[PDB]
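Some notes on the structure that comes next.
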Amino acid sequence: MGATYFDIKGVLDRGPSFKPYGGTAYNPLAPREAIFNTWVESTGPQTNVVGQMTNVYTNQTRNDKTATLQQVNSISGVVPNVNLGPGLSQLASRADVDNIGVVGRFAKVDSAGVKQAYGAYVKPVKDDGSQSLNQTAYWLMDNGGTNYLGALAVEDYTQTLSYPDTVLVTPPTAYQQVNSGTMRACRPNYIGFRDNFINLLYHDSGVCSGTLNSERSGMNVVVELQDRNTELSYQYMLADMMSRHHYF
Amino acid sequence: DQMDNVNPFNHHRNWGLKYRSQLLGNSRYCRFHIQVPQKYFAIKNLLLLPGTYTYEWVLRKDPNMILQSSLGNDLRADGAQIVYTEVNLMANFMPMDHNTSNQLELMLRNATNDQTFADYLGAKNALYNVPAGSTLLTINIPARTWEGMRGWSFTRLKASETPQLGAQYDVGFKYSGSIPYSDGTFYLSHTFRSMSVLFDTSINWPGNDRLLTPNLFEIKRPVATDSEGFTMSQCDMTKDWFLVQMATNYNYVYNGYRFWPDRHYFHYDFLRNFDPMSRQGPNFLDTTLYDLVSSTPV
Amino acid sequence: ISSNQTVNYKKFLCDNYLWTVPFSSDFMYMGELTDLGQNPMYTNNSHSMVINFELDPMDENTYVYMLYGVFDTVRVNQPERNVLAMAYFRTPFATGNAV
Amino acid sequence: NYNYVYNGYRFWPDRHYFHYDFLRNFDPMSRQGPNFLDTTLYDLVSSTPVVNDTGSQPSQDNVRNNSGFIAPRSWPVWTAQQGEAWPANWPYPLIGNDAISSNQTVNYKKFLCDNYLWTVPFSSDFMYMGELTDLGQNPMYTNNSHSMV
Amino acid sequence: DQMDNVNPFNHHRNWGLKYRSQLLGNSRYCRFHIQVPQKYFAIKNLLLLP
Amino acid sequence: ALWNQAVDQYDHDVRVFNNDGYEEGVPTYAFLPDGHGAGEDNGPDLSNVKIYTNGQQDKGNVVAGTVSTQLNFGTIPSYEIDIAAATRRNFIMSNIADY
Amino acid sequence: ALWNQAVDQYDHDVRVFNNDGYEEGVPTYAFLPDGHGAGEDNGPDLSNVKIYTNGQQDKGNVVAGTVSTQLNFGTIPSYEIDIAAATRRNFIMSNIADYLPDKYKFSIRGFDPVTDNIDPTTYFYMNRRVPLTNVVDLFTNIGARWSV
Amino acid sequence: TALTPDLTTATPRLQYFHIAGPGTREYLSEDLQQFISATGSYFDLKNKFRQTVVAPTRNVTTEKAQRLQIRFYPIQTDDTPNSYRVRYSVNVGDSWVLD
């Protein structure tokens, strides 16, 4: 019986908490700062005695906000109204969708809540990174009253942001907006077994007490108790004959 | 200090668990296959002779048994799942010549030479759940015959970090960490104080003014230094107790106090795993002597 | 300076191991089972026993798991092809069963 | 090798395991679908080289992605640190809350071995009993010659 | 070269001295206690009678 | 620890200096953090402009809603630090030098 | 050293890539040093003002002695650097990456005499052909033992 | 069970289960022995018959309470500024012996 092992073989998801790496999954560099979405910083209206008939006069209950914090990137030629072309062949080579000359694509508002950068995944949709619902927007602050030609070309679109292996602490606020709950760098966990598969097979469980036994006289000759620590023995008897510090 | 008492092993840098947690995969999901043996004290070395012998054993599923975790949390709360595709019983025989064969049985089938198998641990298992504040732990054994008795090997162990063996499962265990009661990852053992042994309530073992305190082997002297006298080793151990784990151990003691070559010191050892600490006043003493002392939280 | 000099918090450590007194005379290992076991005052009229402890404050519920050692021996008697039986015995504590 | 086998499957003490050994130099590997499977089951799978890694290989997603903080976008260059701090799409999560090769991950099982050789033993039982073999000694290899392939 | 000749041992990373310098305390002050043996070539193994 | 047995020994690498020098790969920089919603500091402001005008074919026009945003005509701040040697220098510069 | 006995062996961690990925704790920053008496750079100036006025109850007043000081409307400059991976990236990016077969690398546009008389077995090209960054960095099968 | 026979699991017991009597060679089939050794050069069986140890239970140790250890208190101290002489006295029990 020294030559008799139970040959397992099967399936098994480790659950949802098997974190086979250390801390952060994705991005590990770039700080706990963010990507480049839609700036919407504004308190908003209130619910108090204001707009009445003749009771009390109300001033102005409006303060729209749709700015967008970001950062330019790539370089291209001119930046007209027809997007922009980072090249030139037989005509104006309109930049690709996944990337259009100067600056770059940006997270839109539709994105369920905004998070920081060091916490950001969005599954792909073309063998070369690209999604859908892409919208552009040109920029030009220096309005001297002469040239209205922009210089940037943002490609705002929604992504599939989430965070399966990232959890933060205290978000900017509680309200579900474009703030930054940004959960990040979860705690690592390696799911496996125990040296010499301790547990695995029920030992010392009268109920599930094994059963070798002959046929000719079929009397089971194996009957465990609940005092015959089995695991602990073998694991004890192993360091002994050889450093349990082995890696078979 | 605020850590002495937790299962270290159940750490993340347990290089072993960091290891065994891969011959599977970095994806919570593994279309596995493996070869698990048995270890039942009474067969591992059995060599059965000609003519079939019925056989039946059983696998378990509780994810807080057949599965370990660095952080150590039941994988049921997050239903981890195992499913045995199929299993068999491989077996490698010995192409033993036949006359020769016909011989060993001819012999192996003898009365004189009936094999036998004795278990390494060599002992019984009793479980006395202590309270959760209690300090002494009285274990009045009953009457009976103690013939053959070796002695007492003993260590404390959490409650939650140890299960009560019996039926298929136990709808209460919610832990994926370690079972020193099944790996000896003992770490809750030097938390012991005294250990009185009473035969027949009138006679004590060993008694015969053996220990500088024989009414109970001592294991340590109260926090505030009091038994600096019978301390020793430069640790709380009593010049009494050091001489036990140093007696029933390396037979070195009555005439030499050296580290019996580790060649007799692998794992469950007393010397190497033996660690002696020391530290001063982390508030530079309470509010008494040190003229301008204080406490400061977070 | 802890008035004159620092106070001392002396502690020690131990992991991966157990504790073990040896039912014996000299404390050392001479035989598997003990000259103590062999002993007729443990051979003769039975006895009784009580071992007490004094643990260090333990946060939550905890156990002990006590290890009493005795030969949990056995034997194997192969008589005639296809046909077996496992004897059985341990002592002290030979499958203690009594109504 | 270690004449261990017909009745015991343990790591004969390395005392018989120095260099050209079979056990220690014996390395067993395992890894899942690094494209999370081909275009079949996994409903939205894909391939992405260099001139497209979503940001350098550290396309690491669910975090600052990567892009712009290391080298830039341009294919294999590995120089200045230009770029756009924009989220990536690779490496799909194969654990966490997301991840699943339809039902669960596929398995690429391989093993390893270095500093050693392979050796069959011209023998009967496979183990080592003599320098030259009971097989060599043998007259059907002693008698009329033979041939081999 | 300008170092061949000095007592290395008397270094800071002498892990031993880094060790033995603690079973006492990180405070220049230790209310110690210890067990020091002898080694006089001619007795260490002597076994005196009654 | 009993017999205060603890032979005295230095750090290999230190006594007999071993100099592969060091080795570095990608110049890794630290970058302007900025809480979160930022990342870059040096950056002007630009308003959202369009072209769709009712009476103009080729020319742009400014909207009404956003007239201030944070961005930049470059990337994001950094400062190389060849750790590889830094620690090394902080290694000779502290194990033999000062010794 | 006599018998030049010194078996050839690589670095464990390198051959068989082992990827826990890395691990970081507190974003540790470097901060504007400034000799000493400083610490922070970006900061305006403010004069020492009081209120104790001989003829005024609720209002402040400026003194005469100091009219210039260095401070700031924030804290002190910094730039995160997740060492944890940085070295890691600087580890794959230098032990296997750059140690790959020129059959999965690529020469650079702007060489001088490389390959001119050189081949892939000569330092020049040998050590002048860029690899494929994008081939083996930090997030590569991570969490799994998979020697490239 | 406060009920036990002044002779439960004795001799025949330590006998049957290789807990005593003769070692494996003093009891193993004479021919069994041969092969055992005659092929152990490749067929491990050097266990499947355990040769229970055992110990002497006579004239070794004492019965009357003696002293495993004694703490001696000085008799003639004598401190100084760079020395510390210490006069101890030590007796060897009649029928006592020390190393």
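Please note that chains go A, B, ... in the order of the structure tokens, that every chain numbers its residues from 1, and that ligands are numbered from 1 in the order shown.
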With a cut-off of 12 Å, could you pull out the residues of chain A touching chain H and give me the nearest pair of atoms for each, distance in Å to one decimal, using only C-alpha atoms, ordered by chain and ascending number, as JSON lines?
{"residue": "A:1", "atom": "CA", "partner": "H:48", "partner_atom": "CA", "distance": 11.3}
{"residue": "A:2", "atom": "CA", "partner": "H:44", "partner_atom": "CA", "distance": 9.9}
{"residue": "A:3", "atom": "CA", "partner": "H:44", "partner_atom": "CA", "distance": 11.9}
Output for the residues just chosen: N, CA and C atoms as a PDB file, in the first residue's frame:
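What landed in part.pdb:
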ATOM      1  N   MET A   1       0.783  -1.231   0.000  1.00  0.00           N
ATOM      2  CA  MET A   1       0.000   0.000   0.000  1.00  0.00           C
ATOM      3  C   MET A   1       0.822   1.293   0.000  1.00  0.00           C
ATOM      4  N   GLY A   2       2.119   1.152  -0.206  1.00  0.00           N
ATOM      5  CA  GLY A   2       2.948   2.329  -0.290  1.00  0.00           C
ATOM      6  C   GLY A   2       2.749   2.865  -1.700  1.00  0.00           C
ATOM      7  N   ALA A   3       2.308   1.982  -2.595  1.00  0.00           N
ATOM      8  CA  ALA A   3       2.065   2.343  -3.990  1.00  0.00           C
ATOM      9  C   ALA A   3       0.565   2.404  -4.298  1.00  0.00           C
TER      10      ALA A   3
END
Residue 53 of chain B environment, 6 Å, only C-alpha atoms, sequence neighbours closer than 6 positions dropped, as number ranges by chain: A: 213-215
As a ChimeraX atom specification, please: every residue in segment 88-220 of chain B that a backbone DSSP assignment puts in strand (DSSP E). /B:88-89,123-126,136-144,151-154,194-199,203-204,217-218
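Residues surrounding residue 20 of chain E within 9 Å are residues 15, 16, 17, 18, 22, 23 and 24 of chain E; 1, 4, 5 and 6 of chain F [only C-alpha atoms; sequence separation below 2 positions excluded].
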Let's see if you can do this: from backbone DSSP, list all helix (DSSP H, G or I) residues in segment 7-60 of chain F, as a list in words.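 Of segment 7-60 of chain F, the ones in helix (DSSP H, G or I) are residues 12, 13, 14 and 15 of chain F.
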Taking only C-alpha atoms into account, report as a list in words which residues of chain G lie within 6 Å of chain A. residues 20, 21, 22, 23, 80, 82 and 143 of chain G
Would you tabulate, counting only C-alpha atoms, all residues of segment 32-131 of chain A that have an atom at most 10 Å from an atom of segment 35-54 of chain F, showing the closest pair of atoms and their distance in Å to one decimal, sorted by chain then ascending number, as JSON lines?
{"residue": "A:32", "atom": "CA", "partner": "F:36", "partner_atom": "CA", "distance": 5.7}
{"residue": "A:33", "atom": "CA", "partner": "F:36", "partner_atom": "CA", "distance": 3.2}
{"residue": "A:34", "atom": "CA", "partner": "F:37", "partner_atom": "CA", "distance": 5.0}
{"residue": "A:35", "atom": "CA", "partner": "F:37", "partner_atom": "CA", "distance": 7.3}
{"residue": "A:36", "atom": "CA", "partner": "F:37", "partner_atom": "CA", "distance": 7.9}
{"residue": "A:37", "atom": "CA", "partner": "F:37", "partner_atom": "CA", "distance": 8.9}
{"residue": "A:39", "atom": "CA", "partner": "F:37", "partner_atom": "CA", "distance": 9.0}
{"residue": "A:66", "atom": "CA", "partner": "F:48", "partner_atom": "CA", "distance": 9.8}
{"residue": "A:67", "atom": "CA", "partner": "F:48", "partner_atom": "CA", "distance": 8.0}
{"residue": "A:68", "atom": "CA", "partner": "F:48", "partner_atom": "CA", "distance": 9.0}
{"residue": "A:69", "atom": "CA", "partner": "F:38", "partner_atom": "CA", "distance": 7.5}
{"residue": "A:70", "atom": "CA", "partner": "F:38", "partner_atom": "CA", "distance": 7.8}
{"residue": "A:71", "atom": "CA", "partner": "F:40", "partner_atom": "CA", "distance": 7.7}
{"residue": "A:72", "atom": "CA", "partner": "F:43", "partner_atom": "CA", "distance": 9.6}
{"residue": "A:80", "atom": "CA", "partner": "F:51", "partner_atom": "CA", "distance": 9.0}
{"residue": "A:81", "atom": "CA", "partner": "F:51", "partner_atom": "CA", "distance": 6.2}
{"residue": "A:82", "atom": "CA", "partner": "F:51", "partner_atom": "CA", "distance": 9.4}
{"residue": "A:114", "atom": "CA", "partner": "F:37", "partner_atom": "CA", "distance": 9.5}
{"residue": "A:115", "atom": "CA", "partner": "F:37", "partner_atom": "CA", "distance": 8.6}
{"residue": "A:116", "atom": "CA", "partner": "F:36", "partner_atom": "CA", "distance": 5.9}
{"residue": "A:117", "atom": "CA", "partner": "F:36", "partner_atom": "CA", "distance": 7.7}
{"residue": "A:118", "atom": "CA", "partner": "F:36", "partner_atom": "CA", "distance": 9.1}
Distance filter 9 Å, only C-alpha atoms, chain D against chain A, as a PDB file with N, CA and C atoms, in the first residue's frame:
ATOM      1  N   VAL D   5      10.041   3.717  -5.551  1.00  0.00           N
ATOM      2  CA  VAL D   5       8.994   3.630  -6.606  1.00  0.00           C
ATOM      3  C   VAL D   5       7.916   2.527  -6.502  1.00  0.00           C
ATOM      4  N   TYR D   6       8.345   1.278  -6.355  1.00  0.00           N
ATOM      5  CA  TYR D   6       7.441   0.128  -6.246  1.00  0.00           C
ATOM      6  C   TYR D   6       6.702   0.021  -4.907  1.00  0.00           C
ATOM      7  N   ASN D   7       6.954   0.963  -3.999  1.00  0.00           N
ATOM      8  CA  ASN D   7       6.313   0.911  -2.690  1.00  0.00           C
ATOM      9  C   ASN D   7       6.566   2.140  -1.823  1.00  0.00           C
ATOM     10  N   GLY D   8       6.674   3.294  -2.472  1.00  0.00           N
ATOM     11  CA  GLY D   8       6.911   4.532  -1.757  1.00  0.00           C
ATOM     12  C   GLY D   8       7.201   5.623  -2.759  1.00  0.00           C
ATOM     13  N   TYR D   9       6.481   6.739  -2.659  1.00  0.00           N
ATOM     14  CA  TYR D   9       6.649   7.875  -3.565  1.00  0.00           C
ATOM     15  C   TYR D   9       7.085   9.169  -2.909  1.00  0.00           C
ATOM     16  N   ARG D  10       8.234   9.105  -2.244  1.00  0.00           N
ATOM     17  CA  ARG D  10       8.825  10.242  -1.556  1.00  0.00           C
ATOM     18  C   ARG D  10      10.151  10.678  -2.188  1.00  0.00           C
ATOM     19  N   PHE D  11      10.528  11.904  -1.862  1.00  0.00           N
ATOM     20  CA  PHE D  11      11.723  12.581  -2.360  1.00  0.00           C
ATOM     21  C   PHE D  11      13.050  12.055  -1.798  1.00  0.00           C
ATOM     22  N   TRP D  12      13.407  10.802  -2.102  1.00  0.00           N
ATOM     23  CA  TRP D  12      14.665  10.198  -1.636  1.00  0.00           C
ATOM     24  C   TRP D  12      15.469  11.415  -1.167  1.00  0.00           C
ATOM     25  N   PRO D  13      15.959  11.412   0.087  1.00  0.00           N
ATOM     26  CA  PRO D  13      16.724  12.542   0.630  1.00  0.00           C
ATOM     27  C   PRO D  13      17.747  13.108  -0.340  1.00  0.00           C
ATOM     28  N   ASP D  14      17.679  14.419  -0.561  1.00  0.00           N
ATOM     29  CA  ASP D  14      18.590  15.081  -1.490  1.00  0.00           C
ATOM     30  C   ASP D  14      20.012  14.604  -1.299  1.00  0.00           C
ATOM     31  N   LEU D  23      14.881  15.266  -9.348  1.00  0.00           N
ATOM     32  CA  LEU D  23      13.854  15.859  -8.488  1.00  0.00           C
ATOM     33  C   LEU D  23      13.876  17.368  -8.258  1.00  0.00           C
ATOM     34  N   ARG D  24      15.021  17.855  -7.800  1.00  0.00           N
ATOM     35  CA  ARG D  24      15.189  19.264  -7.519  1.00  0.00           C
ATOM     36  C   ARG D  24      15.136  20.079  -8.791  1.00  0.00           C
ATOM     37  N   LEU D  44     -16.132  38.089 -25.391  1.00  0.00           N
ATOM     38  CA  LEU D  44     -15.542  39.296 -25.924  1.00  0.00           C
ATOM     39  C   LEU D  44     -14.036  39.256 -25.709  1.00  0.00           C
ATOM     40  N   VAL D  45     -13.399  38.348 -26.444  1.00  0.00           N
ATOM     41  CA  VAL D  45     -11.962  38.122 -26.354  1.00  0.00           C
ATOM     42  C   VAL D  45     -11.178  38.801 -27.485  1.00  0.00           C
ATOM     43  N   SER D  46      -9.856  38.935 -27.319  1.00  0.00           N
ATOM     44  CA  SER D  46      -9.014  39.601 -28.326  1.00  0.00           C
ATOM     45  C   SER D  46      -7.479  39.535 -28.182  1.00  0.00           C
ATOM     46  N   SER D  47      -6.794  39.917 -29.257  1.00  0.00           N
ATOM     47  CA  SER D  47      -5.336  39.925 -29.281  1.00  0.00           C
ATOM     48  C   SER D  47      -4.815  41.347 -29.459  1.00  0.00           C
ATOM     49  N   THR D  48      -3.695  41.656 -28.813  1.00  0.00           N
ATOM     50  CA  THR D  48      -3.111  42.990 -28.909  1.00  0.00           C
ATOM     51  C   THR D  48      -1.584  42.999 -28.788  1.00  0.00           C
ATOM     52  N   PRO D  49      -0.880  43.150 -29.924  1.00  0.00           N
ATOM     53  CA  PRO D  49       0.587  43.192 -30.018  1.00  0.00           C
ATOM     54  C   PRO D  49       1.246  44.346 -29.240  1.00  0.00           C
ATOM     55  N   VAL D  51       2.353  47.590 -31.025  1.00  0.00           N
ATOM     56  CA  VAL D  51       1.836  48.814 -31.615  1.00  0.00           C
ATOM     57  C   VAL D  51       0.351  48.862 -31.285  1.00  0.00           C
ATOM     58  N   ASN D  52      -0.001  48.374 -30.098  1.00  0.00           N
ATOM     59  CA  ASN D  52      -1.390  48.360 -29.705  1.00  0.00           C
ATOM     60  C   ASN D  52      -1.601  47.867 -28.295  1.00  0.00           C
ATOM     61  N   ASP D  53      -0.545  47.440 -27.611  1.00  0.00           N
ATOM     62  CA  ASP D  53      -0.781  47.008 -26.229  1.00  0.00           C
ATOM     63  C   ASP D  53      -1.556  48.233 -25.703  1.00  0.00           C
ATOM     64  N   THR D  54      -2.580  48.058 -24.878  1.00  0.00           N
ATOM     65  CA  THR D  54      -3.246  49.260 -24.405  1.00  0.00           C
ATOM     66  C   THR D  54      -2.254  49.899 -23.448  1.00  0.00           C
ATOM     67  N   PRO D  58       2.748  46.904 -19.563  1.00  0.00           N
ATOM     68  CA  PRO D  58       2.093  47.115 -18.271  1.00  0.00           C
ATOM     69  C   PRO D  58       0.729  47.739 -18.522  1.00  0.00           C
ATOM     70  N   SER D  59       0.060  47.247 -19.562  1.00  0.00           N
ATOM     71  CA  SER D  59      -1.261  47.714 -19.956  1.00  0.00           C
ATOM     72  C   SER D  59      -2.199  47.641 -18.763  1.00  0.00           C
ATOM     73  N   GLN D  60      -1.643  47.208 -17.639  1.00  0.00           N
ATOM     74  CA  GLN D  60      -2.358  47.083 -16.384  1.00  0.00           C
ATOM     75  C   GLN D  60      -3.551  48.042 -16.345  1.00  0.00           C
ATOM     76  N   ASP D  61      -4.750  47.477 -16.402  1.00  0.00           N
ATOM     77  CA  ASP D  61      -6.007  48.224 -16.411  1.00  0.00           C
ATOM     78  C   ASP D  61      -6.510  48.834 -15.096  1.00  0.00           C
ATOM     79  N   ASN D  62      -7.507  48.186 -14.467  1.00  0.00           N
ATOM     80  CA  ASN D  62      -8.163  48.620 -13.206  1.00  0.00           C
ATOM     81  C   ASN D  62      -7.366  49.442 -12.210  1.00  0.00           C
ATOM     82  N   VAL D  63      -6.446  50.235 -12.726  1.00  0.00           N
ATOM     83  CA  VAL D  63      -5.617  51.110 -11.932  1.00  0.00           C
ATOM     84  C   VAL D  63      -5.287  52.257 -12.886  1.00  0.00           C
ATOM     85  N   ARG D  64      -4.248  53.044 -12.608  1.00  0.00           N
ATOM     86  CA  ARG D  64      -3.905  54.183 -13.469  1.00  0.00           C
ATOM     87  C   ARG D  64      -3.609  53.721 -14.881  1.00  0.00           C
ATOM     88  N   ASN D  65      -4.105  52.532 -15.192  1.00  0.00           N
ATOM     89  CA  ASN D  65      -3.897  51.906 -16.473  1.00  0.00           C
ATOM     90  C   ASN D  65      -2.388  51.817 -16.545  1.00  0.00           C
ATOM     91  N   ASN D  66      -1.742  52.841 -17.089  1.00  0.00           N
ATOM     92  CA  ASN D  66      -0.289  52.875 -17.223  1.00  0.00           C
ATOM     93  C   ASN D  66       0.156  54.019 -18.110  1.00  0.00           C
ATOM     94  N   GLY D  68       1.485  56.803 -20.740  1.00  0.00           N
ATOM     95  CA  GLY D  68       2.057  58.102 -20.434  1.00  0.00           C
ATOM     96  C   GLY D  68       2.994  58.268 -19.252  1.00  0.00           C
ATOM     97  N   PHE D  69       2.883  57.400 -18.245  1.00  0.00           N
ATOM     98  CA  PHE D  69       3.743  57.466 -17.055  1.00  0.00           C
ATOM     99  C   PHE D  69       5.083  56.751 -17.295  1.00  0.00           C
ATOM    100  N   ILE D  70       5.102  55.878 -18.296  1.00  0.00           N
ATOM    101  CA  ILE D  70       6.306  55.137 -18.654  1.00  0.00           C
ATOM    102  C   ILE D  70       6.746  55.684 -19.993  1.00  0.00           C
ATOM    103  N   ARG D  73       3.425  56.138 -26.445  1.00  0.00           N
ATOM    104  CA  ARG D  73       2.570  55.245 -27.269  1.00  0.00           C
ATOM    105  C   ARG D  73       3.361  54.512 -28.345  1.00  0.00           C
ATOM    106  N   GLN D  82       7.042  59.871 -22.410  1.00  0.00           N
ATOM    107  CA  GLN D  82       5.986  60.701 -22.964  1.00  0.00           C
ATOM    108  C   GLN D  82       4.676  59.969 -22.679  1.00  0.00           C
ATOM    109  N   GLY D  83       3.555  60.401 -23.253  1.00  0.00           N
ATOM    110  CA  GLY D  83       2.319  59.665 -23.015  1.00  0.00           C
ATOM    111  C   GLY D  83       1.070  60.407 -22.578  1.00  0.00           C
ATOM    112  N   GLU D  84      -0.009  59.627 -22.491  1.00  0.00           N
ATOM    113  CA  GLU D  84      -1.359  60.066 -22.111  1.00  0.00           C
ATOM    114  C   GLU D  84      -1.911  59.158 -21.015  1.00  0.00           C
ATOM    115  N   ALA D  85      -2.094  59.705 -19.819  1.00  0.00           N
ATOM    116  CA  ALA D  85      -2.596  58.936 -18.686  1.00  0.00           C
ATOM    117  C   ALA D  85      -3.984  58.304 -18.903  1.00  0.00           C
ATOM    118  N   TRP D  86      -4.154  57.567 -19.999  1.00  0.00           N
ATOM    119  CA  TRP D  86      -5.445  56.953 -20.342  1.00  0.00           C
ATOM    120  C   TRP D  86      -5.630  55.451 -20.066  1.00  0.00           C
ATOM    121  N   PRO D  87      -6.768  55.073 -19.442  1.00  0.00           N
ATOM    122  CA  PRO D  87      -7.123  53.689 -19.093  1.00  0.00           C
ATOM    123  C   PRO D  87      -6.896  52.669 -20.202  1.00  0.00           C
ATOM    124  N   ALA D  88      -6.454  51.475 -19.817  1.00  0.00           N
ATOM    125  CA  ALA D  88      -6.197  50.413 -20.778  1.00  0.00           C
ATOM    126  C   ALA D  88      -7.334  49.397 -20.835  1.00  0.00           C
ATOM    127  N   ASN D  89      -7.161  48.367 -21.659  1.00  0.00           N
ATOM    128  CA  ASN D  89      -8.176  47.332 -21.813  1.00  0.00           C
ATOM    129  C   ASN D  89      -7.620  45.925 -21.579  1.00  0.00           C
ATOM    130  N   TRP D  90      -6.298  45.830 -21.479  1.00  0.00           N
ATOM    131  CA  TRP D  90      -5.604  44.555 -21.218  1.00  0.00           C
ATOM    132  C   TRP D  90      -4.691  44.735 -19.962  1.00  0.00           C
ATOM    133  N   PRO D  91      -4.460  43.685 -19.141  1.00  0.00           N
ATOM    134  CA  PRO D  91      -4.853  42.277 -19.068  1.00  0.00           C
ATOM    135  C   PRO D  91      -6.176  41.980 -18.364  1.00  0.00           C
ATOM    136  N   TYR D  92      -7.161  41.544 -19.143  1.00  0.00           N
ATOM    137  CA  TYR D  92      -8.469  41.215 -18.622  1.00  0.00           C
ATOM    138  C   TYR D  92      -8.255  40.565 -17.292  1.00  0.00           C
ATOM    139  N   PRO D  93      -9.153  40.815 -16.348  1.00  0.00           N
ATOM    140  CA  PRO D  93      -9.061  40.243 -15.010  1.00  0.00           C
ATOM    141  C   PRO D  93      -9.383  38.769 -15.091  1.00  0.00           C
ATOM    142  N   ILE D  95      -9.545  36.801 -12.165  1.00  0.00           N
ATOM    143  CA  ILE D  95      -9.763  36.487 -10.749  1.00  0.00           C
ATOM    144  C   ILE D  95     -10.816  37.471 -10.228  1.00  0.00           C
ATOM    145  N   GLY D  96     -10.390  38.354  -9.321  1.00  0.00           N
ATOM    146  CA  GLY D  96     -11.258  39.367  -8.751  1.00  0.00           C
ATOM    147  C   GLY D  96     -12.737  39.064  -8.872  1.00  0.00           C
ATOM    148  N   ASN D  97     -13.540  40.093  -9.173  1.00  0.00           N
ATOM    149  CA  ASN D  97     -14.993  39.934  -9.312  1.00  0.00           C
ATOM    150  C   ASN D  97     -15.302  39.588 -10.762  1.00  0.00           C
ATOM    151  N   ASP D  98     -14.498  40.140 -11.658  1.00  0.00           N
ATOM    152  CA  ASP D  98     -14.642  39.888 -13.080  1.00  0.00           C
ATOM    153  C   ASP D  98     -13.702  38.712 -13.362  1.00  0.00           C
ATOM    154  N   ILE D 100     -13.655  34.843 -16.113  1.00  0.00           N
ATOM    155  CA  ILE D 100     -14.268  33.526 -16.330  1.00  0.00           C
ATOM    156  C   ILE D 100     -14.179  32.994 -17.754  1.00  0.00           C
ATOM    157  N   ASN D 103     -17.604  29.554 -17.756  1.00  0.00           N
ATOM    158  CA  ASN D 103     -17.735  28.606 -16.644  1.00  0.00           C
ATOM    159  C   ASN D 103     -16.521  28.937 -15.789  1.00  0.00           C
ATOM    160  N   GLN D 104     -15.337  28.762 -16.372  1.00  0.00           N
ATOM    161  CA  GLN D 104     -14.089  29.110 -15.710  1.00  0.00           C
ATOM    162  C   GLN D 104     -12.830  28.918 -16.571  1.00  0.00           C
ATOM    163  N   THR D 105     -11.773  29.637 -16.203  1.00  0.00           N
ATOM    164  CA  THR D 105     -10.493  29.610 -16.905  1.00  0.00           C
ATOM    165  C   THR D 105     -10.008  28.292 -17.499  1.00  0.00           C
TER     166      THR D 105
END
Taking only C-alpha atoms into account, find every residue of chain F that has an atom no more than 7 Å from chain E, and write it out as an MDAnalysis selection string. chainID F and resid 2:3 6:11 15
Segment 119-122 of chain G surroundings by only C-alpha atoms, 12 Å radius, close-in-sequence under 3 positions cut, as a list in words: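 The neighbour list is residues 101, 102, 103, 105, 106, 107, 113, 114, 115, 116, 125, 126, 127, 128 and 129 of chain G.
Proximity ranking of C:91, C:3, C:8, C:64 relative to chain E places C:8 first, based on only C-alpha atoms.
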Considering only C-alpha atoms, return as a PyMOL selection string whatever protein or nucleic-acid residues lie within 7 Å of segment 47-62 of chain C, sequence-local ones (same chain, fewer than 6 positions apart) excluded. chain B and resi 129-145+157-159+191-200
So that I can see what lies close to residue 114 of chain B, please list as a short mmCIF file (atom, residue, chain, number, x, y, z; two decimals) with C-alpha atoms, in the first residue's frame the residues with an atom at most 8 Å from it, counting only C-alpha atoms and leaving out residues fewer than 3 positions away in the same chain.
data_model
loop_
_atom_site.label_atom_id
_atom_site.label_comp_id
_atom_site.auth_asym_id
_atom_site.auth_seq_id
_atom_site.Cartn_x
_atom_site.Cartn_y
_atom_site.Cartn_z
CA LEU B 108 4.18 -13.72 4.51
CA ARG B 109 1.18 -15.99 5.20
CA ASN B 110 2.82 -17.10 8.47
CA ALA B 111 1.79 -16.60 12.04
CA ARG C 75 -1.03 -6.12 13.74
CA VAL C 76 -2.00 -7.78 10.45
CA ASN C 77 -2.79 -11.47 10.13
CA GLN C 78 -2.82 -12.81 6.57
CA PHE H 49 7.66 -5.51 11.62
#
Polymer residues at most 7 Å from residue 51 of chain G, only C-alpha atoms, same-chain spacing of 5 or more positions, as a PyMOL selection string: chain G and resi 59-61
